[PDB]
Amino acid sequence: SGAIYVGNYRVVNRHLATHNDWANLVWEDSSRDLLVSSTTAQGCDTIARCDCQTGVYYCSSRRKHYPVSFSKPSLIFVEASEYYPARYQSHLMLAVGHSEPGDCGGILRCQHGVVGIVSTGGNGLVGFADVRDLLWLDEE
Ligand SMILES: Cc1cc(CNC(=O)c2cn(C)c3ccccc23)on1
Ligand SMILES: [Zn+2]
C-alpha cells in the first residue's frame with residue numbers, strides 16, 4: 001500500500017483505489033496503473049521534474065529503502081497478476097530489486113523529488129509507475 005500526497009491530490013495504484021478515491025476521482029489510466037483523487041488537506045510530497053535514472057525506493061516487505069538504477073519510462077510487457085491479465089503497461093520503469101504485491105504504492109524518489117510508485121514485480125525485478133510527466137499535479 002502507499003500513496004503520493006501532492007497539493008490537493010492523492011496518487012495511488014489504480015488497482016488499490018478505494019470507493020472514496022473513485023467517488024472523488026480526478027484522473028485514472030488503466031494502462032499506467034494510476035488513479036488520482038482529490039483531498040481536503042494539502043500534501044507534503046514534491047514531484048520530480050527530471051530524467052534521473054538513479055534513486056531510492058521503499059520496500060514494505062523488507063521495511064527498507066534501497067538505492068537503485070532504473071530504466072526510462074516505456075511500454076513494457078507485464079505478466080498476468082491477480083489485478084491485470086498479461087498485457088503491456090505504459091510509462092513503466094524497471095529496476096533490480098525485491099518486491100511483493102503488497103509493496104505496490106512504495107515511493108521511488110531522486111534528488112528532485114518523487115519519481116513514481118511501485119506497480120509491478122517478479123523474478124527479482126521491481127517496476128515503478130512514473131509520475132514526472134504529469135505536470136498538472138503541481139497546480140490547480
Ligand atoms: C515472495 C514473493 C516474491 C514475489 C514476486 N513479486 C511479485 O509477484 C510482485 C511484485 N509486485 C510489486 C507486484 C505487483 C503486482 C503483482 C505482482 C507483484 O511475490 N512474493
Ligand atoms: Zn531527478
Side-chain angles (χ1 to χ4, degrees):
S1 61
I4 308 163
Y5 294 97
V6 53
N8 286 268
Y9 299 117
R10 162 170 144 98
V11 188
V12 290
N13 294 93
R14 186 191 187 275
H15 72 272
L16 297 179
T18 64
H19 165 88
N20 188 72
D21 288 320
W22 280 105
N24 294 279
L25 188 62
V26 171
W27 171 86
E28 57 84 21
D29 185 323
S30 176
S31 80
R32 298 177 70 148
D33 184 43
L34 288 183
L35 182 146
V36 177
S37 66
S38 54
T39 69
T40 40
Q42 284 228 304
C44 297
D45 296 322
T46 281
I47 307 297
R49 305 291 179 199
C50 67
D51 60 0
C52 279
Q53 286 187 252
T54 62
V56 174
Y57 82 105
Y58 180 62
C59 177
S60 67
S61 61
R62 296 283 180 270
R63 296 195 184 105
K64 281 188 182 60
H65 293 258
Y66 293 106
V68 289
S69 299
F70 56 87
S71 62
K72 290 196 183 183
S74 308
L75 185 64
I76 302 177
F77 194 77
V78 182
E79 289 306 320
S81 57
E82 186 216 316
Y83 327 105
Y84 299 101
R87 61 159 196 181
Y88 279 96
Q89 178 159 326
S90 64
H91 301 264
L92 185 70
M93 300 172 294
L94 296 178
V96 172
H98 180 70
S99 73
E100 297 177 30
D103 293 322
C104 281
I107 283 177
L108 168 66
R109 59 183 81 233
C110 69
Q111 73 183 86
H112 307 98
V114 173
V115 175
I117 49 163
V118 172
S119 181
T120 79
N123 294 323
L125 299 183
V126 52
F128 308 98
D130 183 53
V131 300
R132 299 174 283 183
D133 65 314
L134 299 179
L135 312 182
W136 54 263
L137 286 172
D138 301 339
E139 57 197 27
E140 172 90 291

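No hydrogens, no waters, no symmetry mates; every other heavy atom, side chains included, goes into these values. Heads up: numbering here begins at 1 and tracks the sequence.
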pair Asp29-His91: side-chain heavy atoms closer than 4.5 Å | no

Is there side-chain contact between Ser69 and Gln53, with at least one heavy-atom pair below 4.5 Å?
-> no

Give a yes-or-no answer on whether the side chains of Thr120 and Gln89 include a donor-acceptor pair shorter than 3.5 Å.
-> no

Could you check if a side-chain atom of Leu34 sits within less than 4.5 angstrom of a side-chain atom of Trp27, using non-hydrogen atoms only?
-> yes

Only one of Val26, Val36, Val12 forms a side chain to side chain contact (heavy atoms under 4.5 Å, CB included) with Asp21, so which one is it?
-> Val12

Determine the interplanar angle of the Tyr57 and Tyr66 rings, folded into 0 to 90°, and report it as parallel if under 30°, tilted if 30 to 60°, perpendicular if over 60°.
-> tilted

Would you call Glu100 and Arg62 a side-chain contact if the rule is heavy atoms closer than 4.5 Å?
-> yes

Side chain to side chain, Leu134 and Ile47, heavy atoms closer than 4.5 Å | no

Residues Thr18 and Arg10: side-chain donor-acceptor under 3.5 angstrom = no

Looking at side-chain heavy atoms only, is the closest gap between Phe128 and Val126 below 4.5 Å?
-> yes

When you look at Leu125 and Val96, which way does the side chain to side chain contact (heavy atoms under 4.5 Å, CB included) test go after all the steps?
-> CA-CA 5 Å; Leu125 299 183; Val96 172; 4.0 Å; yes

Side-chain heavy-atom pair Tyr84, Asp33 within 4.5 angstrom cut-off = yes

Begin from the C-alpha positions of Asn8 and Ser38 and carry the test side chain to side chain contact (heavy atoms under 4.5 Å, CB included) through to its verdict.
-> CA-CA 6 Å; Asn8 286 268; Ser38 54; 5.8 Å; no

So, do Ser81 and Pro101 sit near enough that their side-chain heavy atoms are less than 4.5 Å apart?
-> no

